[PDB]
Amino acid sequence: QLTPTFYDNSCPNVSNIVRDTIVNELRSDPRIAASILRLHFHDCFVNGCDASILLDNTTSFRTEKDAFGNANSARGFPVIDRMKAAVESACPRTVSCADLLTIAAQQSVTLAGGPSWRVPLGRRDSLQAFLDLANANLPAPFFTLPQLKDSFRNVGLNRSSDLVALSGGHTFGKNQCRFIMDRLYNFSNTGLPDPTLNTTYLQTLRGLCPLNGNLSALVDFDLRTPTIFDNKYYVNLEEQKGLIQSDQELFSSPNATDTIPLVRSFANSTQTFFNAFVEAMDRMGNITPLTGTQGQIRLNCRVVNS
């Protein structure tokens, strides 16, 4: 069983070291908090939160960093290396990379103005990476609501609240033009933009992402508060201003009978959202963890111990 007090004796200063690292990095890179939260999400959705995503290539297995959902998208790996080194210095061979990334995600959320809570700990590090599993398990922005629900249920999160609350991670961070080009100019081969995208916002997005333009250009997930972790993400959905297809579907999909009330509830109350986010975050962080003597306490998050 994972417990929040796992390192209270072996490394009581772990959370503080992680926090300090993120604060320092945020000065030069204001996007790092969002990036780190996403790393934890992509870790947990592939064989569980076992730091498998942090492993680099080996001749026996490919890195998950080359998965379609990670390649030229996932970022912040050096920052994780930095805090790991700092933690290793303070508490040698004690904190697993899986736990380190979980704490980093929570601290990132709190630093961005979100809720503060102690995450369950005790996770251990994987002995391999899973590229094929990452390609199969990570959801895509073009997924329909039924597909989004399928993706979450596939890894163990059955509740619509899990999906709606965790999607709130898009209250900050960036998104490449490539992922919304269809919504802007030719959605589902209709030759027309996605009708669920507010027409005024459509104009703004087309200006940021012109046809035949730089597909790698970045746009903010939350037009209201781009870098602040708050419930504004849901207010946007209510106005048909969700950035990617998977965001807006939570409110506009024909299959959204169960998700619409959740979107409204979170848009109406920061407290309701924050409570649900913490609840969902801990549930995601409890996905098939290696514990006890299973796996290792990786010393270098990029490679398995030898």
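The first residue of the shown sequence is 1; numbering continues from there.
Novice: Could you settle it for me: does 217-225 or 78-86 have the higher average Cα B factor in the PDB entry?
Specialist: Averaging CA B-factors over each stretch, the winner is 78-86.
Novice: Comparing 45-53 with 260-268, which has the greater mean CA B-factor as deposited?
Specialist: For C-alpha atoms only, the mean B-factor is higher in 260-268.
Novice: Could you tell me which one of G156, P120, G173, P115 shows the highest CA temperature factor in the PDB record?
Specialist: Top of the list by C-alpha B-factor: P115.
Novice: From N186, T94, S126, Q147, which pick has the Cα B-factor that tops the rest in the entry?
Specialist: Highest C-alpha B-factor among the listed options: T94.
Novice: By its CA B factor, does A98 count among the lowest, middle or highest third of the modelled residues in the chain?
Specialist: Within its chain, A98 is a lowest-third residue by C-alpha B-factor, going by the deposited values.
Novice: With respect to C-alpha B-factor, does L138 fall in the lowest, middle or highest third of the chain as deposited?
Specialist: Ranked within chain, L138 CA B lands in the lowest tercile.
Novice: Quick one: classify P30 as lowest, middle or highest third of the chain based on its Cα B-factor.
Specialist: Highest third.
Novice: In terms of the chain's CA B-factor thirds, is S167 lowest, middle or highest?
Specialist: It falls in the bottom third of the chain.
Novice: Is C177 in the lowest, middle or highest third of its chain when residues are ranked by C-alpha B-factor?
Specialist: It belongs to the lowest third of the chain when residues are ordered by C-alpha B-factor.
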